[PDB]
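Notes follow once the structure below has been shown.
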Amino acid sequence: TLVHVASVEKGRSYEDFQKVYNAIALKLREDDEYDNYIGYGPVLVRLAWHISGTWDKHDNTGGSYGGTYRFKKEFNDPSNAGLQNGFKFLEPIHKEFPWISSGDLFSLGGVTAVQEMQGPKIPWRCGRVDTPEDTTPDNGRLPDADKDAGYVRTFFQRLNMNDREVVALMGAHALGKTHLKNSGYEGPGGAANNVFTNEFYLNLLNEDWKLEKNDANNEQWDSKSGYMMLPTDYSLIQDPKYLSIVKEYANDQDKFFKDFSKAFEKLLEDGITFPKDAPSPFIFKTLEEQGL
Ligand code: HEM
Ligand SMILES: CC1N[C@@H](C)O[C@@H]1C
């Protein structure tokens, strides 16, 4: 059982959310130093994902709606190690705009990072509502990295994501890096790692990969170029259905952009029931299109 109705923060409209977007964008541009000049984009995208990937379609627990990331249990999920940097980034934003709900902020963080790293436009809907600490999902709902194509397919079923949606979402691994201290994995995925492109499929197909044990004793695929791939990233080219989708995004950047946009909003809106007269989704202007 369990229904979560989108309630619009009172009196709020498009241009209020545009200003929250603009603050995020502005600080993305300003704290350009973090994670050796990668900046905060990647970790905000991942935050926006980890707050949504707790969802379970079966009983409708977890997901982005309740902002339950603010509570110690989920905050200290070992799957979330590193994500405290994104939370702290969003901290002065929440103080400047305390009317916005936690859910809405975390997911807007991701949308803003993507668009500002030159990725697709992702429509976004407000309306998530903080729920209480006892609504916080337990740890272990987010996927393991050490597993195969079969594990991946099964995992994302619980998020109601198909082959195509999964391959699309995964191309976000073009962004940022694994960090040994955070996940037991080390290295970037490509050369353009704070620009949102389809470089993750290009690298899967084009680099020369070798399975190795890393310094945390974990297996990961490394290339002569110094890029890496998680066994789970790598399964996308071992499975015949996934491979064929990898080659399609490798050859069609527009296509990748559109499917990633669809599946990213679907990820962030899983679990949430929008009333028939909720506002339409907002497509925010980037700093650049506002000349800001
Ligand atoms: C089986 C599926 C997935 C696995 C196992 C996985 C696992 C990981 C791991 C272990 C890291 C490195 C954490 C660290 O050491 O800092 C990472 C980074 C990241 N993930 Fe995923 N991920 C998955 C799917 C996704 C999806 C669906 C998205 C978004 C659409 C995403 C977005 C990101 C981003 C942007 C980073 C880099 C963040 C940074 O540089 O700090 N991942 N992922
Ligand atoms: C988890 C990731 N895989 C590589 C491709 O870069 C991402 C950070």
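Position 1 is the first residue of the sequence, and the numbers go up from there. The figures that follow rest on heavy atoms only: side chains count, while hydrogens, waters and symmetry mates do not.
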Checklist entry - Is it true that a side-chain atom of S101 and a backbone atom of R128 form a donor plus acceptor pair closer than 3.5 Å? => result yes

Next on the checklist: Would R158 and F155 count as a cation-pi pair here, with the cationic atom under 6.0 angstrom from the ring centre and within 45° of the axis?
Outcome noted: yes

Item to check | Modelled atom types, side-chain donor and acceptor of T197 and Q253, under 3.5 Å | outcome: no

Checklist entry - What do the steps show when you test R125 against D104 for salt bridge (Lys or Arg N to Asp or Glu O under 4.0 Å), and what is the final call? => result CA-CA 8 Å; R125 307 187 73 175; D104 274 4; over 6 Å; no

Next on the checklist: Hydrophobic cluster membership, with links at side-chain heavy-atom distances under 4.5 Å among I/L/V/M/F/W/Y: are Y14 and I283 in one?
Outcome noted: no

Checklist entry - Does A48 offer a backbone N or O that forms a donor-acceptor pair with the side chain of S52 under 3.5 Å? => result yes

Next on the checklist: Would you say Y65 ends up clustered with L47 if hydrophobic residues are merged whenever their side chains have heavy atoms under 4.5 Å apart, either directly or through other cluster members?
Outcome noted: no

Checklist entry - What is the distance from atom CG of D16 to atom CD of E9, rounded to the nearest 0.5 Å? => result 9.5 Å

Next on the checklist: Ignoring hydrogens and geometry beyond distance, is a side-chain donor-acceptor pair present between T286 and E116 at under 3.5 Å?
Outcome noted: no

Checklist entry - For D222, which residues count as a side chain to side chain contact (heavy atoms under 4.5 Å, CB included) partner, sequence neighbours excluded? => result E212, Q220, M228

Checklist entry - Can a donor-acceptor pair be found between the side chains of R141 and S79 at a distance below 3.5 Å? => result no

Checklist outcome for this item: Of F75, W49, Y69, the one forming a ring-ring contact (aromatic ring centres under 6.0 Å, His included) with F106 is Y69

Item to check | Cation-aromatic face contact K27/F89, 6.0 Å, 45 degrees | outcome: yes

Next on the checklist: Distance check, rounded to the nearest 0.5 Å: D215 atom CG versus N218 atom CG?
Outcome noted: 10.5 Å

Checklist entry - If you group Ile, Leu, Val, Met, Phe, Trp and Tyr by side-chain heavy-atom gaps below 4.5 Å, do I245 and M161 land in one group? => result yes

Checklist entry - Rounded to the nearest 0.5 Å, how far apart are CG of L105 and CD1 of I24? => result 5.5 Å

Checklist entry - Out of curiosity, does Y21 fall in the hydrophobic cluster containing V8 (side-chain heavy atoms, cut-off under 4.5 Å, transitive links)? => result no

Checklist entry - Does a side chain donor of either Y40 or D31 reach within less than 3.5 Å of an acceptor in the other side chain? => result no

Next on the checklist: For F256 together with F196, are the ring centres under 6.0 Å from each other?
Outcome noted: yes

Checklist entry - Do NZ/NE/NH1/NH2 and the carboxylate oxygens of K19 and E96 come within less than 4.0 Å? => result no

Next on the checklist: Hydrogens and angles aside, do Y37 and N194 bring a side-chain donor and acceptor to less than 3.5 Å of each other?
Outcome noted: no

Item to check | Same cluster (ILVMFWY, side-chain, under 4.5 Å), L90 and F97 | outcome: yes

Checklist entry - Does atom CD of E15 have more than 12 heavy-atom neighbours, drawn from other residues, nucleotides or ligands, at distances under 6.0 Å? => result no

Next on the checklist: I'd like to know if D259 and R164 make a salt bridge, using a cut-off of under 4.0 Å between side-chain N and carboxylate O.
Outcome noted: yes

Checklist entry - Is a side-chain N or O of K57 found less than 3.5 angstrom from the main chain of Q157, in a donor-acceptor match? => result yes

Item to check | Polar side chain donor-acceptor pair, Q238 to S235, under 3.5 angstrom | outcome: no

Checklist entry - If you count the non-hydrogen atoms of other residues, nucleotides and ligands that lie under 6.0 Å from CD in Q84, is the total more than 12? => result yes

Checklist entry - Roughly how far apart are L243 CG and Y201 OH, rounded to 0.5 Å? => result 13.0 Å

Checklist entry - Can you check whether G184's main-chain N or O pairs, donor with acceptor, with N214's side chain at less than 3.5 Å? => result yes

Checklist entry - Looking only at atom types and distance, does a side-chain atom of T178 sit under 3.5 Å from a main-chain N or O of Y185, one as donor and one as acceptor? => result yes

Checklist entry - How many angstroms lie between NZ in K241 and CG in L236, if you round to the nearest 0.5 Å? => result 14.0 Å

Item to check | For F17, ring pair (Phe, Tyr, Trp, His ring centres under 6.0 Å) partners two or more places apart | outcome: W99, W124, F282

Checklist entry - Listed by chain and number, what are the ring pair (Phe, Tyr, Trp, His ring centres under 6.0 Å) partners of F71, not counting sequence neighbours? => result none

Item to check | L292 vs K285, side chain to side chain contact (heavy atoms under 4.5 Å, CB included): CA-CA, chis, key distance, verdict | outcome: CA-CA 10 Å; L292 286 166; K285 255 52 119 12; over 6 Å; no

Item to check | CA sep, side-chain torsions, deciding dist, call: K95, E91, salt bridge (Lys or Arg N to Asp or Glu O under 4.0 Å) | outcome: CA-CA 7 Å; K95 260 85 232 300; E91 187 113 57; 5.3 Å; no

Item to check | Contact list for residues 66-80, test salt bridge (charged side-chain N to carboxylate O under 4.0 Å, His left out), sequence neighbours left out | outcome: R70-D130, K73-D138

Output side-chain donor-acceptor pairs under 3.5 Å for residues 260-272, partner residues at least two apart or in another chain, one line each.
unit_1 : atom_1 : unit_2 : atom_2 : d
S261   : OG     : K121   : O      : 2.8
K266   : NZ     : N160   : O      : 2.9
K266   : NZ     : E165   : OE2    : 3.1

Checklist entry - Under 3.5 Å, is there a donor-acceptor pair between the side chain of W209 and the main chain of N203? => result yes

Item to check | Any donor-acceptor pair under 3.5 Å from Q115 side chain to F284 backbone | outcome: yes

Checklist entry - Take atom CG in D59; do more than 12 heavy atoms of anything else shown fall under 6.0 Å from it? => result yes

Checklist entry - Once the angle between the rings of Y234 and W221 is folded into 0 to 90°, is it parallel (under 30°), tilted (30 to 60°) or perpendicular (over 60°)? => result parallel

Checklist entry - Do you know which two heavy atoms are closest between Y242 and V167, and how far apart they sit? => result CD2-CG2, 3.3 Å

Item to check | Shared-cluster residues of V5, by chain and number - hydrophobic side chains joined below 4.5 Å | outcome: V3

Checklist entry - Between the main-chain N or O of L83 and the side-chain N or O of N80, is there a donor-acceptor pair closer than 3.5 Å? => result no

Checklist entry - So do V129 and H4 actually touch side chain to side chain, heavy atoms under 4.5 Å? => result no

Checklist outcome for this item: In this structure, OG1 of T232 is separated from NE2 of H173 (nearest 0.5 Å) by 6.5 Å

